[PDB]
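Enquirer: Reading the sequence shown from the start, the letters are residues 279 to 391 in PDB author numbering. I have a structure here, written as structure tokens, and I will follow up with some questions on it.
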Amino acid sequence: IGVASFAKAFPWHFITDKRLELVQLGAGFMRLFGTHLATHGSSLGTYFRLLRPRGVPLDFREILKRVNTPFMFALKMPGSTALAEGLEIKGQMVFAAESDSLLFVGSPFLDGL
């Protein structure tokens, strides 16, 4: 199965290219900020803050070096939204070498909501 088709089984996923531009978003994230992609762009850092692994810049090469540890992201909601701002998503990152893609697959973490 291709990486993009695999990812579609997961509502909480994203796929980026090698510049960390989003090329696919799962249904969960599309619900939360899909409306804003046209106006706010497709840069991963526009919508996500990297929480874990700690102290890792949002840079393809640096993420790729740590691709084997668990990842956690907090959302940056467009507009004024105390509600999903800082919603946490824990999961795993996988590198697809054929296409130079990064896949994140996760699930929301409700312990601080």
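Just so you know, even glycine gets a beta-carbon here, dropped at the ideal spot from N, CA and C.
Where do the ends of the alpha helix (DSSP H) carrying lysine 343 lie?
Expert: 338 to 343
Enquirer: Is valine 345 buried or exposed, if buried means 16 or more other CB atoms sit within 10 Å of its CB?
Expert: exposed
Enquirer: Tell me the start and end of each unbroken alpha helix (DSSP H) in the region 300 to 351 that is at least 4 residues and wholly inside, in chain order.
Expert: For the region 300 to 351, whole alpha helix (DSSP H) runs of length 4 or above, ordered along the chain, are 305 to 311, 315 to 318, 322 to 325, 338 to 343.
Enquirer: Just to confirm, is the Cβ distance from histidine 291 to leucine 388 under 8 angstroms?
Expert: no
Enquirer: Could you spell out the range, first to last residue, of the alpha helix (DSSP H) harbouring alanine 285?
Expert: 281 to 285
Enquirer: Using C-beta distances below 6 angstroms, list every residue in its chain close to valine 372, excluding the 5 sequence neighbours before and after it, in chain order.
Expert: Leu381
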